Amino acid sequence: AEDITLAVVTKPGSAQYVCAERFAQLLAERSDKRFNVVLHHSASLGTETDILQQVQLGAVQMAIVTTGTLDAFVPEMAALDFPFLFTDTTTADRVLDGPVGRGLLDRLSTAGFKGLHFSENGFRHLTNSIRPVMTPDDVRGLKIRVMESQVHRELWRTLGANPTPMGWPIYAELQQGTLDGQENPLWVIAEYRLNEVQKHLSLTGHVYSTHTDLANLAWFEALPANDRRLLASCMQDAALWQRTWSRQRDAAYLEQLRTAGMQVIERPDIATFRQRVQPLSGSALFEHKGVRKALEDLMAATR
């Protein structure tokens, strides 16, 4: 078999881990064992950002990483993590799998990646150790961890938080109180036990977060066309499979976290959240042509 190295930053039972496993399985099956996927996971290889550099270098062939982390590599990706772009998965799926998302995946070539598909991370929700949050006013001052992504730092600056970008993991900082909160989908909060270091959760659903499933461009294009097709086929089916797997578990995660004692605000002030993020579309980042046109194309597609 040819071994193919695929990295994720998270652990077994996590969303991108499950997608990768399913991919590795399907690939082994469909390729009659001509390929064998070697998953690297947890913190072996550093942050998602370190991972990307390794994939860009070719020392790792494939990875599944949170899409926001790619905007350092390809600015237009930031538009995907614009707040309240998507408010349901039906719309998200159609738009991401359709020509607009596909064109954004294609333009990852500019940074030396082949973009294969989007997979699901989830709606991100806000958590903290300081007070309940209903409105943007409630986040004033809070030291909220954000991913190493330009759009996310500016987003949370715009809402009046004091955001700090930082690679995964983050639990020690939260427990040591050095950071007041963070934000992520429900599976993350549960599977990484963030409830242990975070009293509060608000269901803001502020960003619909995807993973990007990608490969080193040069390595991928040097494969025969039938194998390039074979790999895309497997990753597309893996991503579709994992969306369903994860979405089946969301409900249970919420209840798990409730049972665990988190104080949950289930309907925070979303209209006031939306208004407060309005100036972000004139951010330094979002003034850039490529980025703004990508945002516009995405929004148009939702309608």
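All residue numbers are counted from 1 along the displayed sequence.
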{"item": "Segment of higher mean CA temperature factor, 103-111 or 134-142", "value": "134-142"}
{"item": "Of 201-209 and 153-161, the one with larger mean CA B-factor", "value": "153-161"}
{"item": "Among 43, 65, 235, 55 - the residue whose C-alpha B-factor is largest in the record", "value": "43"}
{"item": "Highest-ranked of 47, 69, 259, 242 once sorted by CA temperature factor in the record", "value": "259"}
{"item": "Position of residue 177 among the chain's modelled residues by C-alpha B-factor, lowest, middle or highest third", "value": "highest"}
{"item": "Third of the chain's Cα B-factor distribution that residue 120 belongs to, per the entry", "value": "lowest"}
{"item": "Third of chain Cα B-factors occupied by residue 251", "value": "highest"}
{"item": "Lowest, middle or highest third - CA B-factor, residue 88", "value": "highest"}
{"item": "Residue 294, C-alpha B-factor rank within chain (lowest, middle or highest third)", "value": "middle"}
